[PDB]
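S.K.: Convert by adding 2 to the 1-based position in the sequence shown; the result is the number in full-length UniProt numbering.
Where a beta carbon is used, it is the ideal one built from N, C-alpha and C, also for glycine.
If you scroll down you'll find the structure; I have some questions about it.
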Amino acid sequence: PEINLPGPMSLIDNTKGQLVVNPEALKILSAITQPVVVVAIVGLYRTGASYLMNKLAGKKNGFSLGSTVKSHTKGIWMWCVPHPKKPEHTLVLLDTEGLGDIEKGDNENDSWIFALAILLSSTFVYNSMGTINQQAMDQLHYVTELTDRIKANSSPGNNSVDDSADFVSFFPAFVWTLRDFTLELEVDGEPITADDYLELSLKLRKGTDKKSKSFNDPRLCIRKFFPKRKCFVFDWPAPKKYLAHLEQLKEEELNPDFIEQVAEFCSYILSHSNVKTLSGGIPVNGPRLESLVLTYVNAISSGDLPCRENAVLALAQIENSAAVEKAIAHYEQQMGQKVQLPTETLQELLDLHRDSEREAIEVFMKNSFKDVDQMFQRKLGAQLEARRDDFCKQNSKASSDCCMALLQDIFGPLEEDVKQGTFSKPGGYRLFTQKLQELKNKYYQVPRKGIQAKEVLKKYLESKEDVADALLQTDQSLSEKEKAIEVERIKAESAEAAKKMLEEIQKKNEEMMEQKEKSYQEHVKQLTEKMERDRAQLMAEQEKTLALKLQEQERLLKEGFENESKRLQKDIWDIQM
C-alpha cells in the first residue's frame, strides 16, 4: 500500500500557438483508481491563485515554494493529493499559470485555458483582486466566450435548441475569491456576507444599448451557466512593509483577518466539493479524466470545438469494451470449470452454456454504461455464440474419438474372423448376424459414450452391409424362402434406423433453437432492468436542473427582467421536450 502522489506538474503547456499534453501527467493520472475531486483555481497571473492551491494542497506556508518552479510555464498545472476529509478519495488541483501574458499573435489559447479548466473541473475557483467593478468583469470575457468554445451536445435535432441552455447540468460550482479586499460590507448601515456582496454585484442595467448588453452579458452568463455560486473575501496578508517578504513570515504575523478568511475558504472547499460526475451519475477517476483531457485538447488542436458529448461517448466505448472482455473472461473460467469433455447429452451442454452466459451478461451489466445501439451487448453475444460453437466442435470430436476407439475394441475380433474364415461354412450367415448383434448390444451398454455415437456406429456398418449381403447369398444351409424373408427384414431394419436418425437430428435442432431463444430472453431481461435504472438517474438529474432553472427565472422576474425570464422559459420547455 503506497500509491504515492507527486508534486505540482505541467498537465497542458501552451507552446508556440499549440496546446500540448504532458504524457507523464497522463501517466500519473492513469494510476489514481480512486474517485477524484477536481478543483480548478483559475486566475489572471500576479493574483496569487497558486497560494490558494498551496494551502488547499495542505502546504503549511503557501507563500513559499512557488508553483513557478521554472519560468515560461504557460498552461494548466496539476496537483494530486489524497483527499483530507473524503477517505478513499484523491483531491486533484489545477492552476492556470500564464493567463494574461501577451505572447506571439492573438493568443486564443488563453480562453482555451479557461474553457478547458471549466470542462475538467468540479469546483471552479476564479481568482481576482480588488472589488467586482467594470474592470473585474471585463477580464471575465472568457465566460462570455463559452457558447463559442464549448458545445454540450451534437446538433441533429438541435437547431431549434440553445446548446448553452444545457451548461447548467454539467458545469462546476462557481466560487469567486476576491483577494486584497478592504471594503466594509455595509448596505444601509447593516452588515452583509460575502455571498451577499456577490449577489449584489450580479444585477442588471435596464436598457438595450450597446453600453448595457455589455454590462449584463458576463453576469447573465454567471447566473445561467453555473449551478452554485459562492464568494469569499480576503484582506491583505500583512501590512505593506511585509508584502515583498511573505515567505519569511510565520503565521503569528499575518493579519488575523487573512488567516481566518483562509481557514473559512479551505474548510468550505474541502467539505462541500463533490466527486466530478458525468451525465448518468458516473464517478470519475484517473483513467477517465485522462481521456477527457485527451479528447478535449485534441479537439482544440485539430481546429474543432470541445464537446461534452463526443468526449463522454468515447469514454463510454472504452469502458464498455473493457466490460466485454471482463464478461467473456468470467464466462470462460466458468465453462472451463464445469464441463465434461465428452458430454452425455447435447442438452447438458447447452444448459451449462446458458448458465454461464447468464452470469457473464451480469458481469457486463455491472461494468457498462451509455452503450448506445446496444453495440457492445451484441459484441458480447457474438463472442459467446462463437465460444459455444467452438465448444460444440470439441465435444463432437471428443465423443467421436471415444466411440471410434472402442470400435476396434469390440468389433476388431470380428474383422479378424472374416480373414481367418470363421464364417465361410454352411450356416455362416446366422453365425455372423447373431454375433454382429451381440457386439452391437454391447457397444450400446457403454455409458457416458456421448452424442455422435449413433452416427459413428452406423457409418461403420454401412461399410459392412455388403459383407453380410455377400454371405446371405453364398450360404448353402438356407433355402430360397429364407433368403427372401431376410432380404425383406434387412430392408425393414434399415428403414427404422433411418427413421430414428432423423428423429435425433430434429430433437438436436429443436434444443438448439430453445437455447437461442432463451439466451435472447436473458439479454432483454437484463438490458431492460438496466435501462429502468439509467432512466431513473436521468429523471433525478433532470429534475434538479429544472428546479435550478425555475429559481433563476423567478429571480430575473422579481428583479424586473421579464424578457430574460421569457428566454429562460423557452429553455424550460425544451427540457421537457
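Give the DSSP bridge partners of residue 45, in chain order.
M.R.: Its beta-bridge partners are 129.
S.K.: Give me the DSSP bridge partner(s) of residue 153.
M.R.: Residue 153 pairs with 309.
S.K.: Considering only C-alpha positions, which residue in the set 384, 445 and 356 is nearest to residue 412?
M.R.: Closest by alpha carbon: 445.
S.K.: Please classify residue 56: does DSSP put it in a helix, a strand, or coil?
M.R.: Helix.
S.K.: What number of angstroms, rounded off, separates the C-alpha of residue 65 from the C-alpha of residue 56?
M.R.: Cα to Cα, the separation comes out at about 8 Å.
S.K.: Quick one: using the 10 Å Cβ neighbour count with 16 as the cut-off for buried, is residue 535 buried or exposed?
M.R.: When all chains shown are included, residue 535 counts as exposed.
S.K.: Over the uninterrupted alpha helix (DSSP H) stretch that includes residue 231, give me the two end residues.
M.R.: Segment 231-235 is the beta strand (DSSP E) holding residue 231; no alpha helix (DSSP H) there.
S.K.: According to DSSP, what are the bridge partners of residue 80?
M.R.: The partner list for residue 80 (beta bridge, DSSP) reads 11 and 96.
S.K.: Using 8 Å as the cut-off, can you tell me whether the segment 415-428 makes contact with the segment 364-372, which would need three or more C-beta pairs spanning the two stretches below that distance?
M.R.: Judged by Cβ distances under 8 Å, the segment 415-428 makes no contact with the segment 364-372, as fewer than three pairs qualify.
S.K.: Relative to the C-alpha of residue 117, which residue among 172, 575 and 73 is closest?
M.R.: Of the listed residues, the one whose Cα sits closest to residue 117 is 172.
S.K.: Return helix, strand or coil for residue 111, following the three-state DSSP convention.
M.R.: DSSP places residue 111 in helix when its eight states are reduced to three.
S.K.: With DSSP as the reference, identify every bridge partner of residue 20, one or two as the case may be.
M.R.: The partner list for residue 20 (beta bridge, DSSP) reads 17.
S.K.: Out of curiosity, what's the CA-to-CA distance linking residue 229 and residue 124?
M.R.: Looking at the two C-alpha atoms, the distance is approximately 11 Å.
S.K.: What does the alpha-carbon distance come out to for the pair residue 514 and residue 465?
M.R.: Those two C-alpha atoms are separated by around 31 Å.
S.K.: Is the beta carbon of residue 115 closer than 9 Å to that of residue 98?
M.R.: Contact flag set, yes.
S.K.: Taking the alpha-carbon of residue 141 as reference, which of 151, 153, 113 and 462 has the nearest alpha-carbon?
M.R.: Looking at the Cα atoms, 113 is the closest of the given residues.
S.K.: Which residues in the same chain have their Cβ closer than 8 Å to the Cβ of residue 201, if we skip the five residues on either side of it in sequence?
M.R.: 231.
S.K.: Which value, in whole angstroms, describes the spacing of the CA atoms of residue 298 and residue 185?
M.R.: So the alpha carbons of these two residues sit roughly 40 Å apart.
S.K.: So, for residue 296: in the same chain, excluding its five sequence neighbours on each side, which residues have a beta-carbon less than 8 Å away from its beta-carbon?
M.R.: Closer than 8 Å at Cβ, skipping near neighbours: 23 and 28.
S.K.: What would DSSP say about residue 424, mapped onto helix, strand or coil?
M.R.: Coil.
S.K.: Can you find at least 3 beta carbon pairs, one from the segment 351-359 and one from the segment 385-393, that sit closer than 8 Å?
M.R.: Output reads yes: the segment 385-393 touches the segment 351-359.
S.K.: In three-state DSSP terms, what is residue 238?
M.R.: Coil.
S.K.: If contacts are defined as beta-carbon pairs under 8 Å, then residue 240 and residue 251 qualify, I think. What distance do you get, rounded to the angstrom?
M.R.: Indeed, because the Cβ distance is near 6 Å, the residues count as touching under 8 Å.
S.K.: Strictly by DSSP, which residues pair up with residue 189?
M.R.: Residue 189 pairs with nothing; no bridge assigned.
S.K.: Run the CB neighbour count on residue 377, radius 10 Å, all protein chains shown included, and call it buried at 16 or more, exposed below.
M.R.: Burial call: exposed.
S.K.: Determine the closest residue to residue 1 out of 399, 474 and 391, with distance taken between C-alpha atoms.
M.R.: The structure shown does not extend to residue 1, since the chain is modelled only from 3 to 579, so the question has no answer here.
S.K.: Please say whether residue 207 and residue 131 have beta carbons closer to each other than 9 Å?
M.R.: No, Cβ-Cβ distance for residue 131 and residue 207 is not below 9 Å.
S.K.: Can you give the Cα-Cα distance for residue 9 and residue 71, rounded to whole angstroms?
M.R.: Roughly 11 Å between the two C-alpha positions.
S.K.: Taking the alpha-carbon positions, what's the residue 80 to residue 322 distance?
M.R.: Each residue's alpha carbon lies about 28 Å from the other.
S.K.: Express the C-alpha separation of residue 42 and residue 175 in angstroms, rounding to a whole number.
M.R.: Going from the Cα of residue 175 to the Cα of residue 42 covers about 11 Å.
S.K.: Quick one: residues in its chain with C-beta nearer than 8 Å to the C-beta of residue 106, no 5 flanking neighbours on either side, listed in chain order?
M.R.: Answer for residue 106: 18 and 19, listed in chain order.
S.K.: Mapping the DSSP letters down to three states, classify residue 257 as helix, strand or coil.
M.R.: Three-state result, residue 257: coil.
S.K.: How far does the alpha helix (DSSP H) with residue 469 in it reach, from first residue to last?
M.R.: Taken as a continuous stretch (DSSP letters only), the alpha helix (DSSP H) holding residue 469 covers 467-476.
S.K.: According to DSSP, simplified to helix, strand and coil, what is residue 25?
M.R.: It is helical.
S.K.: If you pair each beta-carbon of the segment 84-98 with each one of the segment 33-52, do three or more pairs fall below 8 Å?
M.R.: Contact holds: three or more Cβ-Cβ distances are below 8 Å.
S.K.: Using 9 Å as the threshold, is the C-beta distance between residue 253 and residue 244 below it?
M.R.: Contact: no.
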